[PDB]
């Protein structure tokens, strides 16, 4: 019901504004609450009744409300602040609580990093079990978005592909995996298969071939 | 001071029902809400209960399949969701408001309860070696791994040489196949010179099926 920017970029110790746009029946006549969510943990109250600060929340956070929209402000932006941010308010027409879709605060900026790609062919153990899986492992890339395409020969294939979403690593770069499922006979019938990983308009391709 | 502790993760078949508990560890004029979060998604309000008014409120999306109750003897709130569908896969949170209104901020949060809805059945993984060769070797270091295939449900954990080998290890998050089963891989980069002198085994633990596999990974 409520709309926020899906993502927000700024540099350290700068100031960021996250907008929350609603309608008369929610933000217009009801208090706005802000929640911060760190990766893998529960939301935490950041701002309540438009602009009040919970105990233990830094002064760098502030909220304001005008009409049917509200805004969260963070100044002195720090690395700790990278998190999801949700606005929320009661809605008298839905008779319930509504959240915004959330805003990812990418605090700038890590060096760009090209993906490292390792492609494994099917194991003999698996072929002997009458299956074949190509495994393409993609690590250490930033920012966290890649696309993966597979080629049987120099011909595209899209049947049998399963690719994960990217996920953040220990070192703050990202990883993904993609799998190509084949029959032991598709594997032997072609002379090679390729995993091609595109990251920020540039592509790295690895190739494997039956023994 | 007050903590809210929720019951543990659940795995459910479509059409069944789940009941999640939320016990107030101490600290009651407060409204309680239930809020869920589908994987990689945002927050969604399911409803709430206000125990000292004995009144509940359900979002109308869920009305007819949700029940929220509170048991004063144990100050435990409960959320029961029936006719589950795969889109009800989410983390479910309990949270206490700052007063007796749902308008107030939610200042105390449980730890969340993962609920997974799927038609798949518990199955241990098939583990295959990803052997090192010249094609996974660069600059005198070799990449070798384990493929952990077709298991359900999460989680699987992977170690190498029973924990003695940690650096160079990258265990990737699982892919969810259209079959409903998961697969993941784990890889380790090691000196190529060590292949003749050190043995490499991945230790896969799949506790939901009471299964552990130690797979030797050889050239």
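Basis: the model, the stated rules and, where named, an outside source; no laboratory read-out is quoted. Cβ sites come from the backbone with ideal geometry, for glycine too, and all protein chains shown count toward neighbours.
Quick notes on this one:
- Some residue of the stretch A:101-114 being buried (at least 19 other Cβ atoms within 10 Å of the Cβ) and more than 18 Å from residue A:10 (Cα to Cα): no
- Count of residues meeting criterion [within 7 Å of chain B (Cβ to nearest Cβ) and closer than 30 Å to residue A:207 by Cα] in the stretch A:92-119: 1
- Exactly one residue out of B:108, B:115, B:148 is crowded, with 16+ Cβ neighbours inside 10 Å and more than 11 Å from every other protein chain (Cβ to nearest Cβ), and it is B:115.
- Taken together, the criteria place residue A:66 among residues that are more than 10 Å from chain B (Cβ to nearest Cβ) and loosely packed, with under 15 Cβ neighbours inside 10 Å.
- Checking the stated criteria, residue A:50 turns out to be closer than 25 Å to residue B:58 by Cα, out of contact with any helix residue (DSSP H, G or I) (no Cβ under 8 Å at 6 or more places or on another chain) and more than 10 Å from every other protein chain (Cβ to nearest Cβ).
- A single entry from B:125, B:51 fulfils the requirement of being under 30 Å from residue B:211 (Cα atoms) and either surrounded by 17 or more Cβ atoms within 10 Å (Cβ to Cβ) or assigned by CATH to the domain that holds residue B:9 (or both): B:125.
- Tally, over the stretch A:1-20, of residues that are under 19 Å from the mean Cα position of the chain (by Cα), assigned to a strand (DSSP E or B) and surrounded by fewer than 17 Cβ atoms within 10 Å (Cβ to Cβ): 3
- Test: residue in the stretch A:151-158 that is closer than 19 Å to residue B:187 by Cα and assigned by CATH to the domain that holds residue A:126: no
- Selected residue (only one of A:189, A:170, A:177, A:154 is within 22 Å of residue B:148 (Cα to Cα) and surrounded by fewer than 16 Cβ atoms within 10 Å (Cβ to Cβ)): A:170
- Of all residues making up the stretch A:31-40, the number that are assigned to a loop (DSSP other than H, G, I, E, B) and either more than 8 Å from every other protein chain (Cβ to nearest Cβ) or surrounded by 23 or more Cβ atoms within 10 Å (Cβ to Cβ) (or both): 3
- Residue within the stretch A:74-91 that is in a strand (DSSP E or B) and away from every other protein chain (no Cβ under 14 Å) present: yes
- Any hit, the stretch B:118-126, residues being in contact with a strand residue (DSSP E or B) (Cβ under 6 Å, 6 or more places away or on another chain), within 14 Å of chain A (Cβ to nearest Cβ) and closer than 30 Å to residue A:124 by Cα: yes
- Restricting attention to the stretch A:125-139 and to residues that are facing another protein chain (nearest Cβ under 9 Å) and part of a strand (DSSP E or B), the residue that is farthest from residue A:209 (Cα to Cα) turns out to be A:139.
- Selected residue (criterion: nearest to the other protein chains (Cβ to nearest Cβ)) from residues of the stretch A:157-179 that are under 11 Å from the mean Cα position of the chain (by Cα) and part of a loop (DSSP other than H, G, I, E, B): A:165
- Options B:173, B:132, B:153, B:219; residue that is more than 21 Å from residue A:177 (Cα to Cα) and not assigned by CATH to the domain that holds residue B:115: B:219
- Criterion: surrounded by fewer than 15 Cβ atoms within 10 Å (Cβ to Cβ), within 20 Å of residue A:139 (Cα to Cα) and within 13 Å of another protein chain (Cβ to nearest Cβ) - qualifying residue of B:179, B:138: B:138
- The sole residue among B:87, B:44, B:80 that is outside any loop (DSSP other than H, G, I, E, B) and facing chain A (nearest Cβ under 10 Å) is B:44.
- Unmet requirement for residue A:122, which otherwise passes all of (1) assigned to a strand (DSSP E or B); (2) within 10 Å of chain B (Cβ to nearest Cβ); (3) touching a helix residue (DSSP H, G or I) at 6+ places or on another chain (Cβ under 7 Å): (1)
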